[PDB]
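*Asks:* give me a model of this one.
(chains A and B, ligands or ions: 1)
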Amino acid sequence: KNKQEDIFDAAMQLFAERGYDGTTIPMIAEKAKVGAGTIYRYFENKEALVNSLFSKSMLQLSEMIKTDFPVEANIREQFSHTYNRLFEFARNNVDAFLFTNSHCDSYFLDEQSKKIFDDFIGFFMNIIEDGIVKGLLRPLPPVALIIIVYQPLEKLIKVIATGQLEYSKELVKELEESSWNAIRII
Amino acid sequence: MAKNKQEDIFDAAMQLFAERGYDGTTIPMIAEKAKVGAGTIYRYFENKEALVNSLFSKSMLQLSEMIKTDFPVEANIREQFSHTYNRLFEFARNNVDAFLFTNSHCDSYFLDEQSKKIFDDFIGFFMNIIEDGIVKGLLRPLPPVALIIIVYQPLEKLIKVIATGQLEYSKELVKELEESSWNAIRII
Ligand SMILES: [Cl-]
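*Replies:* Numbering: from 1, shown residues only, chains lettered A, B, ... in the order given. Below you will find the coordinate block:
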């Protein structure tokens, strides 16, 4: 909904400019142009709001990658699909991406937010483990290969968001080829 | 013989900068965690900006030394990469605290002119090698800062993951991470 979305957008801008601990529900109500009582109809408190935001973002990233996932294709294509859908999600949901990326291990996260994230991670662990066994990927610990793919992307999104680097189809194409070469057997 | 309390002060400051943020941390807080008097910290450093600049400068110069020592100038970019990567991993492995801090605050507002000149002289050295590699058609035609990120960010996170005990260090782990990073930046 446009109400839910403006509450989350207004909450993200305040969490970034005034910190999560410093932000309150009335501040989000003022920036979203709604009543504090209407926010309390959707969310019991700020911790419920930030867990609805985190969870929805994770399931949107999970939907984006899992939608049209090329199950019958090779490792190369499954990687290409995952990488581009991951980059496209980050690119279009930078605040949510930068916010979700910055709070995966936060103290305010609830059991469902953690189960959503672990179920998402585990999906790629199993593909990576299958790739290692077939001799298709480097025999590195699966968590080391996720780090190799994810950390450069995560930082490049941050650097693009500051305007230090600029997005282009050519840049993602170069970054995707680089990440595939980093994890495959040569 | 008068022992240098700077190591204990830097360790105490980083634990507070990590748990309470650099802006939230003060000199009395560092004095309490270091188990020293506030006045003894002010003997070494005029303020928190001086302390943090000393910490930054010292770490960057110890990392610079670790890579520039026995640097294989007459070797190919493959060997120069291998040398750089291993010396970088060895420095990070043995100086876990300071390495993470320093390379995450290399564009911070609190860095003085000398800290910035130390860092710019260090990074520019690798920018030149990367630019030569791109021109020769050996490295990927990516912005040089994107190739530094590709090499550095996975390493930085693997050090953090090893530091939690989730992953364990081994000579074969670094050998494989080094081959992976070279394959990430070269034209195959
Ligand atoms: Cl900080």
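*Asks:* using PDB, list the CA coordinates for the strand or helix carrying residue A:116.
*Replies:* Secondary structure assigned from DSSP states H and E places residue A:116 in helix A:111-133. Provided in PDB are the C-alpha atoms of helix A:111-133 (Å, rounded to 0.1, in the frame of the first residue of the first chain):
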ATOM      1  CA  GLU A 111      12.800 -14.700  15.300                       C
ATOM      2  CA  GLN A 112      10.800 -14.400  12.000                       C
ATOM      3  CA  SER A 113      13.200 -11.800  10.500                       C
ATOM      4  CA  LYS A 114      16.100 -14.200  11.300                       C
ATOM      5  CA  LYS A 115      14.300 -17.300   9.900                       C
ATOM      6  CA  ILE A 116      13.500 -15.300   6.700                       C
ATOM      7  CA  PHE A 117      17.200 -14.400   6.300                       C
ATOM      8  CA  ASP A 118      18.500 -17.900   7.200                       C
ATOM      9  CA  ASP A 119      16.100 -19.600   4.800                       C
ATOM     10  CA  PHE A 120      17.200 -17.100   2.000                       C
ATOM     11  CA  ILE A 121      21.000 -17.800   2.700                       C
ATOM     12  CA  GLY A 122      20.500 -21.600   2.900                       C
ATOM     13  CA  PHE A 123      19.000 -21.600  -0.600                       C
ATOM     14  CA  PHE A 124      22.400 -20.400  -2.100                       C
ATOM     15  CA  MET A 125      24.400 -22.600   0.400                       C
ATOM     16  CA  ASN A 126      22.900 -25.700  -1.200                       C
ATOM     17  CA  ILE A 127      23.500 -24.500  -4.800                       C
ATOM     18  CA  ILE A 128      27.100 -23.600  -3.900                       C
ATOM     19  CA  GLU A 129      27.600 -27.100  -2.100                       C
ATOM     20  CA  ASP A 130      26.200 -28.800  -5.300                       C
ATOM     21  CA  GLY A 131      28.600 -26.700  -7.400                       C
ATOM     22  CA  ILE A 132      31.600 -27.600  -5.300                       C
ATOM     23  CA  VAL A 133      30.700 -31.400  -5.300                       C
END
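*Asks:* that one packs against which elements?
*Replies:* If contacts are counted by 3 or more CB pairs under 8 Å, 6 or more residues apart in numbering or on different chains; DSSP states H and E, helix A:111-133 sits against helix A:46-66, helix A:75-92, helix A:142-162. Any C-beta I mention is one placed from the backbone N, CA and C, and that applies to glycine too.
*Asks:* pipe the ones you listed into JSON lines and attach distance to chain B per row.
*Replies:* Formatted as JSON lines, the entries for the helices and strands packed on helix A:111-133 read as follows, by distance: least, CB to the nearest CB, whole Å:
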{"stretch": "helix A:46-66", "distance to chain B": "19"}
{"stretch": "helix A:75-92", "distance to chain B": "13"}
{"stretch": "helix A:142-162", "distance to chain B": "4"}
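*Asks:* okay if I get those as a markdown table plus mean neighbour count?
*Replies:* Rendered in a markdown table, the data for these read as follows (neighbours: other CB atoms under 10 Å in any protein chain shown):
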| stretch | mean neighbour count |
| --- | --- |
| helix A:46-66 | 18 |
| helix A:75-92 | 18 |
| helix A:142-162 | 19 |
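*Asks:* so which of the ones you listed comes closest to residue A:131?
*Replies:* The stretch from these with the least distance to residue A:131 (CB to CB) is helix A:75-92; that distance is 5.1 Å.
*Asks:* show residues contacting that closest one.
*Replies:* With CB atoms under 8 Å, 6 or more residues apart in numbering or on different chains as the test, helix A:75-92 has contacts from A:60-61, A:64-65, A:67-71, A:73, A:97, A:124, A:127, A:131, A:134, A:136-137, A:149, A:153-154, A:157, A:160, A:167, A:172, A:175-176, A:179-180, A:183-184.
*Asks:* now which of the residues you listed would you call buried?
*Replies:* Neighbour counting over the contacts of helix A:75-92 (16 or more other CB atoms under 10 Å in any protein chain shown) leaves A:60-61, A:64-65, A:97, A:124, A:127, A:131, A:136-137, A:149, A:153-154, A:157, A:160, A:172, A:175-176, A:179-180, A:183-184 as the buried ones.
*Asks:* check contacts around the residue nearest to the spatial centre of chain A.
*Replies:* Against the mean C-alpha coordinate of chain A, by CA atoms, centre = their mean, the closest residue is residue A:97 at 4.6 Å. Under the criterion of CB under 8 Å, 6+ apart, the neighbours of residue A:97 are A:57, A:61, A:89-90, A:157.
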